Every structure is written in C-alpha cells, then in structure tokens.
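In: take this sequence and fold it.
(chains A and B, ligands or ions: 4)
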Protein chains: 2
Amino acid sequence: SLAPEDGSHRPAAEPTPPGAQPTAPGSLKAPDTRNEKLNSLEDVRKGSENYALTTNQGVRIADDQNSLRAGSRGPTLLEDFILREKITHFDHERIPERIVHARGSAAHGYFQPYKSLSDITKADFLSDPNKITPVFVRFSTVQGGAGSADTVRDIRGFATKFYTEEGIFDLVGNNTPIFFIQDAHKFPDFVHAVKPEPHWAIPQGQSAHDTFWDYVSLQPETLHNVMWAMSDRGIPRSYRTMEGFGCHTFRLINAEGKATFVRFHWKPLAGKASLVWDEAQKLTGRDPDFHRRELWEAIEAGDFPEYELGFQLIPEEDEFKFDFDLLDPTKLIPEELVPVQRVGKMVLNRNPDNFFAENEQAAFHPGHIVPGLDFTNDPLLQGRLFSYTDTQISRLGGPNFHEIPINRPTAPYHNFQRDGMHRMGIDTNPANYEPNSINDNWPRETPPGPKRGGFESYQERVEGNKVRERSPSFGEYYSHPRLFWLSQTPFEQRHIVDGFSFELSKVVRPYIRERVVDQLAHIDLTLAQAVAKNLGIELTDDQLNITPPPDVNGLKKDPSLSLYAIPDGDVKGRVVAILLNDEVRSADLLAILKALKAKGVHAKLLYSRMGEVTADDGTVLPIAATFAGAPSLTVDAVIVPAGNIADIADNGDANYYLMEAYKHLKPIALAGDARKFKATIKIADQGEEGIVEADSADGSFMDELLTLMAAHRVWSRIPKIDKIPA
Amino acid sequence: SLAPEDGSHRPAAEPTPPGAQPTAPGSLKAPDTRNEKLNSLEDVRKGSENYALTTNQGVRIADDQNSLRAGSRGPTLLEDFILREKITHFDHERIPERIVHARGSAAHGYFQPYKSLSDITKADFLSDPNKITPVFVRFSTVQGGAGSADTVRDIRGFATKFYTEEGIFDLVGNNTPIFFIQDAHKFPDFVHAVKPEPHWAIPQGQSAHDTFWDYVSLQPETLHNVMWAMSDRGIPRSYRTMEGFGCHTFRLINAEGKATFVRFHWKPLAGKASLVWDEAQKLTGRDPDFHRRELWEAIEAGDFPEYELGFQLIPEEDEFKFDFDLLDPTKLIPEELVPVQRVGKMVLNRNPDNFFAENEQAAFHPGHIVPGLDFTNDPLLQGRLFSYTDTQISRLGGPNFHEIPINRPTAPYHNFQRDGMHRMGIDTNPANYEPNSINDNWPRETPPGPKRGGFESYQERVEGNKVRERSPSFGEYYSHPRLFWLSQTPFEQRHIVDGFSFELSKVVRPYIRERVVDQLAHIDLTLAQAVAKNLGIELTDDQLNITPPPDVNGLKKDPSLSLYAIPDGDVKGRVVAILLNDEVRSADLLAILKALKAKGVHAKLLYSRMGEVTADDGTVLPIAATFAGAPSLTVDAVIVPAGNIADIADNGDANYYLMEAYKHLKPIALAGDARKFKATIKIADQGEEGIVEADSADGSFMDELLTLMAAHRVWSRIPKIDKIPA
Ligand code: HDE
Ligand code: HDE
Ligand SMILES: [S]
Ligand SMILES: [S]
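Out: Residues are numbered from 1 along each chain as shown, chains lettered A, B, ... in the order given. Ligands and ions are numbered 1, 2, ... in the order given. The structure is reproduced below:
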C-alpha cells in the first residue's frame, strides 16, 4: 500500500472546477454519464484495481523490478520472456501520426435535432427530435506534429463522428468556411508548402516561413483562407469559442428524391473568442497543451462544450444565382444572402479513458455519409473522398480500422468482406460472396426508400469531355478576401495587418514579401499600405491604382464574418487570476469568489510560493499556483484584493503579471490598497475604461468586472499598450 | 511563376553567417565538403533543375494543377492515376516516430584519433591518427514528440554513428553521465511515468507533472539523474555547448586480449553553457526550433560543432575498488578519481539534404560495436541491446533498415540473410546458407585477431544462479546526488532549487510533493529546506536529523560536475542583437562589427519594422528582424549604438528587449545616448559589472563586452533581477 491513507490520490467522481482535483479517465471521473456508444465500448474497457500484474498471456509476474540474469551482477538471459514481452510492447507503441491535423483533442457527447427535417432529408439522425445520436469529436490544428503546441496561428479542424442508426456519418470540418485551394490535386503542394521545410524540418506549427508565402504569392486562390488565418480566427481562445464549418456544398436528399444544396455550420454556444498574437505565441511556450487542457477541464467541471448545428440551404434552381460558384471551396456563402437555419444541438460531456486508444486511433472521413445526404462536384471534396480511406491503411495498419473500438458503428454491419491484418470479427456465414444460394443470399441488398433503405446516389446529370481543367467560374480570387476584410472591426483589421506583417517578416527572401504585398493591393489598398509600411516597402503608383474587386452580390460587409462586431459573450467556464498577499482582506475575497461562482466563472488563487496564506480574519487560503507558474496568459482577467499590498508590491513577477494581462487587453480589477499597482500599468488617478477600481470589492465592483469579461477584451486600450515595456 | 531575375532566391554556396542567406540542403550549400559516407550517398541523391515533372513511373505530367473530371465542373474520374499516385504518396508519408528521443537534429562530419590506441584497443577506427572515420550525429531531447520544442527541460541524447572500416559503431550517449534507473526491465515504467499521462496525453516535453514525481518519490534510484535534470544541465544553450557521455561501463579489448573497462565522454570545444529556466521556457514558445536552427546555422557559417572524445579507463583488477559498483548506471565515476584521457576530435561540417530521409530514418543502436570493443553486465545496457534492433521493425518497416541509405555501412557487408520487406540488395550467391559447398562456402567466417578479424566476445567468467534480483551493491541512492549538489556553484544550486520548486508546484497531489521533499532531506538538508520553503512545507524534526550520505571515496566535491566553476568560455559562433535607430552612428557600428568579426561573433540588426534604415553616413542597413520577431531569448548579448536614440527611447518593445536580456543575465552594452536606457533596467550612474557603457563603441568598450560574453552570463546580477517586472 503506496496510496496515501487519506485517499487524496483519487479525484472525486463529481464535477469539480479546473485545478481543484487531479484529472482522470472519463469513466472514472463521470461513471454515470452514458450514451449508446460509450456503453458499447464496455466490452473492451479494462480496469486494474485488485487485479494481479501479468504478462499479455495472462501469466502472473512475481518481480516486475528486475531482469533475469546469471548472478545478481551477471548478464541478462535470453530466456527472460517477461522482460522481452514488456520491452517488445514498449518498442512498438508508436503508430504513424495523421499526415495533417496530427495535433488534436477529443471528447464524447451526443446530438439531438430540434425538429424533424424529413421535408428536406431522409437522414435518420435528423428525423425526430427525440432521437439522440452519440458523437465523438476531435478538434485539431493542421500543420504541427502530434507533439506540437495548441495555441499556434493555424486553421483548426473540427471533426464530428455521428454514430447513427443507419451508419457512421462523419462531418469533417474546419473553423473557417473555406479552404486555401480549389482542386484536391494540389493538396500535397499546399501542405508541403505550409509544413516544415524539407532540408531542415523547420518551422513547427507555423506558416511564417518562405515556402508558404512563396506558394500563396503564386496561387492567389489561397488569399481568402490566408485572410482568415492572419485574423484572430487563427488563434482561438478555446475550442469551445470558435465556429465550425463543413467547407463544401453537399446535398440533402429527401424521401421524394429532391436534392437541396447544403453547407454545414456549428455555432459555439459559449460565444466566439480569440487570443491576441503575442499572448498566443507566448502561451505555446508557457503551456503548449493549453487548449487540450481547457477542453478536458471544462468537461470535468460540467461546462460542457455545446454547439448548434446549422444549415445554409440553396434550392437546386438557384445553383447559378451568385457571383461565385457554389462548388468553389475558396468561396463562402455570406449569411446575409443565405441564412443559417438552426438544426440541433451537440453537447460534449465526457472525456475519453485512454487518449491513444480513443483519440489517436479515431478515423474520420467525409466520404462516410448516410442515406439522405450526398456529395457534389466540388473538386476539393471529390479528391478528399479518395484520401481519407487510403491514408488509414498505413496509419491504422490495414483495412480493418473500423473494428478499432472507437471507430465501430453502433448500427449493424454485415457484408462479404474478409481477412486483412488485425481481423477481429469471426464470420460464420457459409458464403463470402454474393449472389449466393448457400446462405440464401444473406446479407442482402436493400432498396432505397424513405427510412432504413439502401444508399443510392442522386442521379445528377454529367455532361462534358474528360478534361484536367479548372472551371472559368472559379477564376476570381480577391472579392471574398475583400468582403472578409471590410466586415472586420477596426481592431480586428489591425490584428490582420499585424499577422501579415509578423509573418512576412520571417520570410527571408525579400522578393516574396514584395510579391505578397502586391497581392494585398488587389484586395484593399489600406490593408496593402499598412502591411507595406511595417515591412519598409513602398507601393508603386501602379499598385496604388489597382481597382478593387467587385462587391459580392452587392454586399459591402457582412457582420457575421467578424468575431466581435456583434456581441455574443458568455462568461461561464472563463477563469480569473486572484493575486494573493500574506494578509488578504477576507471580506473582499468572499465578495469576489461568490460573485464569480454565481456566474460559473472559475478562479485561481496565486502567490509567490505554494502552500497557504492567512487572511486578516484567520481564514486559511490554499494557493493554486505561483505567479510564474500560472501566467496571466492562462486566464481571462485578473483581480487583486486588498490587504497587505506591501507583501507583493515589490515582487517583480506580481507587477509583471499585471503588465502582461494589461498588454493583452484583459480586464483588471483592483480593490483598496491594490490600487497602488495603478502606477505599474500607468493608470491615471481618475481611472480608465477596462480597469475596475474601488475602495472595496463590494457594491458594483464585481458586476463591472463581469461586464468587462462578457465583452472578452478591452479593445479601447489598444493605443495605450503600444508603448508598454512588456 | 519563377525565380527573381536578380538570382536572390538561391543561397550562396559559401559559408555565411546566420540570417545572411536562406538556409539550404547541405550538398547545395557546401558542395565541396565531402567524406566517404557523404560520397556513397550519391547513388540516391536526386536533383531537380532542368528535369521534367513526372509520376513515380517516369511519365511526364502536362497539368499538375487539376484533377481529371467529366466537364470542367464535373465529378473527378477514377481513371486519374496521376492524381491518385500523388495523393497516395502524400497519404502515406508518415512513419512511426521514435518511442523516445523522437525530437532530434542531425549532421554529418568526421572523426580522427590523436594517436594510435593499439595498446588498449584493437578497434580499427582508433588505430591511426590519420585514419578519418565519417560520422553522422543526432542530438535529441527524450520525452517529447518529433514536433515538440527544443529548449525544454529534459535530458538530451547525443548519438554518433561511426562508419568504420570494420563496421558501424554507434555510440548512443546522453548529456549526463548516468541514467534514472538501474535495470532495463523498468524502462517502460520510467518512460511511461515521464511521458504525457495516458488519459489526456498532457504534458508535452515536461517532467513537471504528477506521474513523473510519483515514480521518482517511490524509486530513490532516480534521484541522481533528477538532480542533473533540475540543474541547468537540463536546458542547454546549444547542442554545441553540452557534454556527452556513453552512460555505461563498456570494455576495450586489445590485440593481446586484455580487457580494460571504459566510460566514454564528449567534451564540447565551444565550452559548456546553458539557458536559465524562464528564458528556456519562453523560448519554447518564441522559437520551438531554436536548437535545430542554431545547429544548422552554425554549420552553414563554418562554426562547425567540435567535440573531443575522452575515455575514463579502469583496469580489470580495479573493478571493485570504488565505493559504488562500476556496473550501476545511476553512479558516475568522478574525474577526480579517474581522469578523462583525450582520445580524438569529431567535427560536424555538413548538414543533411533531406531531414526525413537522413535524420528521421537514421537508426542508432549501442549493440552496434566493432572488434576491439565489448559490453559489460551493466543491467541497463544489457536490456538496451534487445530494444534498439527490435524497435526498427515497426519504425522503419522491417529488417532491411540497414539498406536505408543513411544506415548503410561503408565497410563491405555480405552474409546469407535474404528477403524481408523492401529488400534492396539482389544477392547473386548460389547459396543462402552455410556451410555450403556450392559456393565454396563464401562468404566465410574469419578468425579473430589483431586487425580485420571476426568478432569474438571477451571470455568473462559468469558464476551465479538464474535470479531476478538487484545487486546489493546497487542499493545506495543518495551519495552521488549529494556529490553533484556540493560540486555546483551557489548560483547553480539556486537554479537546482528553483527547478525542483517550479516542477513540484505543478504536481497536483500534495502528498507527492511531500514525499519528494523527504527524499531531498536524505541528500542535503540545505537543498531540502530551500525547496520545502518554496512549497510551503515544513521539515519535521526527524527530517532535520537525517544523517547526510557518505562522501564518494573521500570526495567533498568535484568541480568537473559544474557547468561553470572552471571557466571554459568560447565566444566564436555566439550572437549579439544590435538595436538600430533611424540614424545610427556609423562610427559606432563600424567598431562594433569589426570587434565581433575578429572573435567570430555574429550580429543581428534589429529595428521596429523591416526593410532598411540609413546610417549617419549614408550606409544602408538591412533589418534582419523586428524587436518582437527576434527576442533577446535568441541572442547572447545586446548592443545599442548611438545616433537618433529618441527614435527608439519610448518604444515598448525596445525597452522590453533590454529588460528581458537583463533578467536573463546577459551582457548589455550602451554607447553614447543609448545610455539613457540605463533607466529602464535601474543601473546607477556609477555603472554596474555586466553593463558596458561609454561615450562611443571603441576598442575598450568592445573588449569589455567580449570579456563578459566569454563568461557566458553575469551571475553576480542575480540578486538585482527579483525586482525587475519582466
Ligand atoms: C472542410 C474541412 C477540411 C478540408 C477542406 C480538408 N481537410 Fe483534411 N485530411 C486529409 C486529406 C485532405 C485532402 C485530400 C483535402 C483536400 C483535397 C483536405 N484534407 C482538406 C487526410 C490526409 O486524409 C486526413 C489526414 C489523416 C486522416 O484521417 O485524413 C485529413 C485530416 C483532416 C481532419 C482531422 C480529422 C481527425 O482525425 O481529427 C480535419 C478536421 C480535416 N481534415 C478537415 C478538412
Ligand atoms: C545512456 C544513453 C541512453 C540510455 C541509458 C538509454 N537510451 Fe535509448 N532508446 C531505445 C530503448 C532504450 C532502452 C531499452 C533503454 C534502457 C533499458 C534506453 N533506451 C536507455 C529505443 C526504443 O530502442 C530507441 C528509440 C527509437 C530508436 O530507434 O531507439 C532509443 C533511442 C535513444 C536515442 C536516439 C538515437 C537517435 O535516433 O537519435 C539515444 C541517444 C538514446 N536512446 C540514448 C540512451
Ligand atoms: S473547405
Ligand atoms: S546511462
């Protein structure tokens, strides 16, 4: 017995806030959270308590501390089969990482539609509001390895595996509504350009290098998703606070055989929020696991990630009614033109048990559709259909990857396929071919029908010659970048300029920077000039006269493209740093902690050391982390209670905590004599918007703080930080 | 879509300083640099200029921009074999990363001994000072994935493949002289404990989490290598400025058959230097590729990494003469007791061409020895011999990994092994077995002897029963951690305390912290008290009375265990940031660059934007990076020349640049009105050791700065940095 007698090694099996208890496997943290998929995995879940340690062959091990040797200082013997099994398994633990989206964090949950969608699709999962579909979702970055950092500037993946009664449906989306390239044939060129360069394998998790910008400069189709990546969209606060999109026009197919074009949306019910660049970059160093950690802890805390599934629906007859081609994956469909219709709600409510087994081996692929859905001729989507099945053969070791437990359908599956590496299912069918008489032709084909029918493709008319040719309709590259730019707030536009400027400054060959600047001048002159100024580049008279691209169907902005133009803030699940001193005013802390609790906002009590401090009234205050150990990067706001301020007033880390949080536009609240820290961040006596201050933490001090937090960051402070040395 | 007319896309094929040219494949950067191994790879090197783009079958491609489809807006066709080859290759790019040391950076070079070692070993590569052996070296961290960051706190790997005339010898070392554990049977337990925890796969690149410290608290054998990891040895400045060690006692065997025990050492000719934790951690965010980059650039610049091979030699009759067991890999052999004998010099002078082909697929293994070397019964080394061959079967896809070009011996290899996946060699031998008459028994066994003989094991006597039992002589855990502790300077001790304090503060379960502090009390009470204080823990009376472990064979300290106690600075290949203004005083810059150049010290010119600024005399100065884009983390010292100081005096980034450099103990030099920045870092008029200042940058000013840089950091400043908010 090595566990502590007080049982403090084991986390409570109840929802607890971030940092209160060690984290655990989902079935141990939340044993009563169930769904049909989680239940169906019970056959392979393996426990441990009270069991004897064995080899894989079930042989009990007596000494797991020593190899077998001739004499206690002698050579190890080949007949040590316990040593060799154990080391063999270790020696083969690793499998190939995903070619792209290798870095990803995942969770189980469930989806339910708001109402039946039978008028527009025969998809069984969308047929009845009382139909619950288990999901498994993996969020990811794109470029970096499985051991790269979470808060890089990159697109994010948002993949949802729906375990439906009529088969697996994978909705394999991203956090922007378009992609960099038009045709799947170029995907290796694009990916190679953004990935670490091949001579030296640098840089990790970054597009800020020559080959990416070289490619972008020579392939203007990429400019739209580049605008998105350079904006604060490229640096989300949390997977809970970004949008999701299905990237392509697909089809819905109803029982009557009518096709409707659809683009898929996920709206984050926690709101849209992003970091700022300096914060995101520094955070890759201070906690490269920050998003994986935040997702896991939100789920353990009961702050379940929730998203609303939405559809943009376009009738068959309206295929050609836009300025852009619906099948072009570099074009978005503005919500002002085609609204998103609410469809249903997904809640992620349980972490996995074993990350490797459930997360690393999960296979998602957009060809996994079900009756009631179908594809289109989008030439990016068309190639994806090839890639996601082929790649599993090396990644997951062969064609039986659907038998890896997380991948298994909960719907029945029976067919005539046999064998392959790792074959688990033992087929008893006397036949392995059809048609057969020896088993009366079972399992049998099923006609298409309104429910429970076989899959049949929509009979779309095809007419043309066999060509390798880009549609002329796809040859417009600047209008959507422009629409995106004009839709952003002035502070968002500033962060876009700064992303381009920062990234191009890492491009070693100056001609590439110049070429990119030329492309910016084809989108918007103010943008092009601002980036040019940061790069010491002067636009030519010609570049000054490039006429801007047309409006998109008469639109000059669409506010749904902004993260922040329309408020959607939610504070629940956010976190506040509380900077302790050695004699805190206990009435300030009561008021602070209860107000945060009442709104679902977490707190972490920080100090210059671990252990405890004692408040004015003798209350013993447990310390979560030190100032340097849990930097302001990791919180949404900072509160300093009154008390013995002289304890920390000269602590460099405590001052720096506030400068860093100030620079990154976070709300800061100072009570009583904590107002002496005003001088550290240079705040005028009469105060400033975004700094909450009062004699004490009572009255409106906490409501004012929470109002700031609902608006995420203090954008008005941007001109003030510009000269802060932090 | 083509190269600029000025040819600026292509790096000069001459040595150039970091940042002067884009980096490039080694064979293009330094085509005249050769050795036998580099030449032998010519069969597989593939160029590209003037060649047609083809499928892998040699078919020229007409349109690499589009998929084949039925009409230009139609579905992609299955007969597009060009698309599917290209996509299939992409979909299968990744192979499993190494189970440990997945993150690593490699280069080519050569080794030669100083004199013949034939009195002690018959190894051919140590037999003649004029016999040059090609080497390929990979440096690594241990815990993190291939996409994790470089400047983590971790042990570093240092693996050298010697391509000798009598076979490949791989010396597979680390940058500390011991390991965490005693018996290879426990390697998977230790590695699992340090690696990301299995439920959520956090943390990456960090031992700062509950499972690692749980293991350490329960296995006091780990404490010696933990001491080393918590010291600044865990955060080297560069692979060029760390020591390497072979980890085990091996044997040398001479022609007469005499065995001598040996431990291997690499001495960095650029001297020993490490980061400080705050700097190392922030650098994982600002440049996760810093060590990989610095190595590649040092080789491009001609600052070739050089190491001296050294041997500790112990006669067979002295096996039992120390108070520790020679075969215990948790124990070091103090250089005060057994001096390192200089053996030869290794120079790394070319970067690879393709990181995947040469670095990622290289396989090193300590069982790859040659006649003249042999093993011992070290029970860690014993188990390693199983693992390094076994693991290659999944990692490199089969038993023909020696045919992968980087791995191939330059010495002849012929034997009766056949087949296996991706078999390259076509054997013509009528026989695939021996003995055979049908090929007159070729290839044939060769007797052992003085040179070019067959391998025979040294006939060590073995006497004991078949037991799984740890040698009693291995059961001492505290004396070597204490010797290490006592050998460190006071500032190195403070950093060790701070490493333990920071790490244990991230351990969520407090009892684990308490148990680690109790272990520390068995090593040194001063260390234990100082960690406990930081964790808010009070030592008990029993803990205060624990008797310190005994001295190691009479030693109270051994200064060769310290990074810094004995000066060994070398400034060549270091780098200074030079903070520009818009009217630099050219006279200052001229003298600065001249003094730096004379000592092989590089410079980076930084400003608040990219492009150019013009000096007082018309000199146009190109800007390498912005103050934010290349932070003081990345340089060794900072110089601010005179001129129009008002231009940058109020710049937040420029002021911060100095604050960060000051905090991290780096030399700072301020000329003319740049002395105004003294106010940002609180230097009194009188000045301060480690801040160089004068009316202008002259002979005297540069000499002082260069003197400080030879001592690496300004340790005496440590008391002054607590207060700086940076
Ligand atoms: C719409 C969102 C989107 C788009 C447009 C693309 N990816 Fe993804 N991807 C793979 C291939 C692939 C191709 C061929 C194309 C355009 C032709 C895209 N991508 C663009 C893949 C290599 O087959 C992939 C890697 C491993 C795997 O199983 O499939 C793959 C990954 C991926 C993910 C991660 C899913 C997961 O396992 O967590 C996501 C969210 C996307 N892609 C989105 C996506
Ligand atoms: C003393 C230097 C040292 C020590 C003591 C060990 N490693 Fe290493 N290691 C593998 C297995 C293994 C075992 C079983 C033990 C102790 C029993 C050690 N290690 C401790 C490996 C799985 O075979 C390995 C991973 C991938 C691979 O090809 O080999 C491996 C790697 C490794 C490297 C990396 C070499 C490289 O590719 O650059 C180094 C420097 C060590 N180990 C050193 C080492
Ligand atoms: S997409
Ligand atoms: S070792």
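
In: what residue in chain A comes nearest to ligand 2?
Out: Nearest residue of chain A to ligand 2, counting by C-beta to the nearest ligand atom: residue A:91, 5.3 Å away. In short, each C-beta sits where N, CA and C put it, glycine included.

In: distance-wise, check that residue relative to residue B:145.
Out: From residue A:91 across to residue B:145, the span is 17 Å (C-beta to C-beta, to the nearest Å).

In: wait, doesn't the residue of chain A closest to ligand 2 sit right on residue B:390?
Out: Yes: Residue A:91 is in contact with residue B:390 according to C-beta atoms under 8 Å; the separation is 4.7 Å.

In: near residue A:417, how many other residues are there?
Out: Residue A:417 has 13 neighbours, counted by other C-beta atoms under 10 Å in any protein chain shown.

In: residue A:560 too?
Out: Residue A:560, neighbours per other C-beta under 10 Å, totals 15.

In: which residues touch it?
Out: Listed by C-beta atoms under 8 Å, 6 or more residues apart in numbering or on different chains, the contact set of residue A:560 reads A:334, A:335, A:336, A:487, A:566.

In: what residues are up against the residue of the stretch 101-250 of chain A found nearest ligand 4?
Out: Nearest residue of the stretch 101-250 of chain A to ligand 4 (C-beta to the nearest ligand atom) works out as residue A:147 at 23.9 Å. For residue A:147, the contact set (C-beta under 8 Å, 6+ apart) comprises A:103, B:102, B:103, B:144, B:145, B:146, B:147, B:148, B:204, B:205.

In: now with 10 Å, please.
Out: By C-beta atoms under 10 Å, 6 or more residues apart in numbering or on different chains, residue A:147 lies in contact with A:97, A:102-103, A:204, A:288, B:97, B:102-103, B:143-149, B:196, B:201, B:204-205.

In: can you check residue A:678 too?
Out: Counting by C-beta under 10 Å, 6+ apart, residue A:678 makes contact with A:658, A:668, A:670, A:684, A:685, A:687, A:688, A:691, A:693.

In: burial measure for the closest residue to residue A:21 other than its chain neighbours, as a count.
Out: Residue nearest to residue A:21 in three dimensions, not counting chain neighbours: residue A:11, with 4.0 Å by C-beta to C-beta, 6 or more residues apart in numbering or on different chains. The tally of other residues near residue A:11 (other C-beta under 10 Å) stands at 18.

In: again with residue A:302
Out: By other C-beta under 10 Å, the residues close to residue A:302 number 15.

In: got the phi and psi for residue A:239?
Out: phi -60, psi -20 (degrees, to the nearest 10).

In: what about it, how many neighbours?
Out: Neighbour count for residue A:239, taken as other C-beta under 10 Å: 29.

In: kindly report the same for residue A:403.
Out: For residue A:403, the neighbour count with other C-beta under 10 Å is 16.

In: buried residues, stretch A:199-207. List them.
Out: Within stretch A:199-207, the residues that count as buried by 16 or more other C-beta atoms under 10 Å in any protein chain shown are A:199, A:200, A:201, A:202, A:203, A:204, A:205, A:206, A:207.

In: where exactly do the strands run in the stretch 251-400 of chain A?
Out: With DSSP state E, counting those that start in this stretch as the criterion, the stretch 251-400 of chain A has strands at A:259-268, A:306-315, A:340-350, A:373-374.

In: mind listing what the third one pairs with, with the direction of each?
Out: The strands beside strand A:340-350 in its sheet (DSSP bridges) come out as strand A:104-113 (antiparallel), strand A:306-315 (antiparallel).

In: same question, the shortest one
Out: Based on DSSP bridges, the strands next to strand A:373-374 in the sheet, each with its direction, are strand A:250-253 (antiparallel).

In: contacts for the strand it pairs with?
Out: The contact list for strand A:250-253 (C-beta under 10 Å, 6+ apart) reads A:117, A:119-123, A:126, A:171, A:258-264, A:311, A:313, A:316, A:366, A:369, A:371-376, A:378, A:381, A:448, A:455-458, A:460.

In: for that strand, buried residues please.
Out: Under the neighbour-count criterion of 16+ other C-beta under 10 Å, strand A:250-253 has A:250, A:251, A:252, A:253 buried.

In: what is the distance between the longest helix anywhere in chain A and the centre of its chain?
Out: Counting by DSSP state H, the longest helix found in chain A is helix A:490-505. Centroid separation for helix A:490-505 versus its chain: 22 Å, with C-alpha atoms, centre = their mean, to the nearest Å.

In: so it, near chain B or not?
Out: Yes: against chain B, helix A:490-505 shows contacts by C-beta under 10 Å from any C-beta of the partner chain at A:498, A:501, A:502, A:503, A:504, A:505.

In: list only buried entries from these.
Out: Neighbour counting by 16+ other C-beta under 10 Å classes A:498, A:501, A:502, A:503, A:504, A:505 among those as buried.

In: these two touch, right, the last one and residue B:610?
Out: Yes: using C-beta atoms under 10 Å, residue A:505 is in contact with residue B:610, at 4.9 Å.

In: joint contacts of those two?
Out: Listed as contacting both residue A:505 and residue B:610 by C-beta under 10 Å, 6+ apart are A:513, A:534, A:535, A:536, B:623, B:624, B:625, B:626, B:629.

In: report the contact partners of the fifth one.
Out: To tie it back to what came earlier, the one meant is residue B:623. Counting by C-beta under 10 Å, 6+ apart, residue B:623 touches A:505, A:535-536, B:580, B:604-613, B:629.

In: keep only those of those residues that are in helices.
Out: Within the contacts of residue B:623, residues falling in helices by DSSP H are residue A:505.

In: any quick ChimeraX command for the buried ones out of the contacts of residue B:623?
Out: In ChimeraX, a selection of the buried entries from the contacts of residue B:623 looks like this (16+ other C-beta under 10 Å):
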select /A:505,535,536 /B:580,604,605,606,607,608,609,610,611,613,629
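
In: which one of the contacts of residue B:623 is nearest to residue A:520?
Out: Among the contacts of residue B:623, residue A:535 lies closest to residue A:520 (C-beta to C-beta), at 10.4 Å.

In: from what I see, that closest one and residue A:512 are in contact.
Out: No: using C-beta under 10 Å as the test, residue A:535 is too far from residue A:512 to be in contact (11.0 Å).

In: give me the common contacts of these two.
Out: Taking C-beta under 10 Å, 6+ apart as the contact rule, residue A:535 and residue A:512 both touch residue A:504.
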